[PDB]
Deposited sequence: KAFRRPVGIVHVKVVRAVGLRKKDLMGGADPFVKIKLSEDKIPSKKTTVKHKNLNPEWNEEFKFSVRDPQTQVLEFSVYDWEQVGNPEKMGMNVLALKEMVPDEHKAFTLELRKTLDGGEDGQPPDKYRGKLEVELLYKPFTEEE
């Protein structure tokens, strides 16, 4: 049974790597909560943009907050074929207090180097009682 909901705002990314022949990249972000079988969330694609701003908000059913971890994956949408990874990071749900607007800045890495940019996110945890 779920014990709370976390509110994730994907704010912006800064300093992404060029991944297209021209235009930079077409970034979007995939957000997955660990220990879960729900479809991951994806932001809008920000075509031809190496400093995209989304300010996009998602929410996730928390089952246990010291265990579960948020996975943020930044991909470059392709006109042909599948999007190509641009970097990822994780963020632990133990890193917050309920009812407080907490921001973070995650560095993008190949897996959990060459500066791959930053992803700014905000989290707000709210439990039931």
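Asks: When the deposited sequence is counted from residue 1, which ranges lack any model?
Replies: Seq positions lacking coordinates: 1-4, 117-125, 143-145.
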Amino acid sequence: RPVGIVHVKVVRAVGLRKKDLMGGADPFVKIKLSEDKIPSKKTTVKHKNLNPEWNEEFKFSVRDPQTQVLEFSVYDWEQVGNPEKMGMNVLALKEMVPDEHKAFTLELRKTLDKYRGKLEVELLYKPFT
From here on, numbers count along this sequence of modelled residues.
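Asks: Regarding 97-105 and 53-61, which shows the higher C-alpha temperature factor on average in the entry?
Replies: The stretch with the larger average C-alpha B-factor is 97-105.
Asks: Of 86-94 and 23-31, which one has the bigger average CA B-factor?
Replies: Per the PDB record, 86-94.
Asks: Between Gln66, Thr43, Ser40, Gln79, which carries the biggest CA temperature factor in the record?
Replies: The record points to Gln66.
Asks: Test of reading the entry: by CA B factor among the chain's modelled residues, which third contains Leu112?
Replies: Its C-alpha B-factor, which the entry lists for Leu112, ranks in the highest third among residues of this chain.
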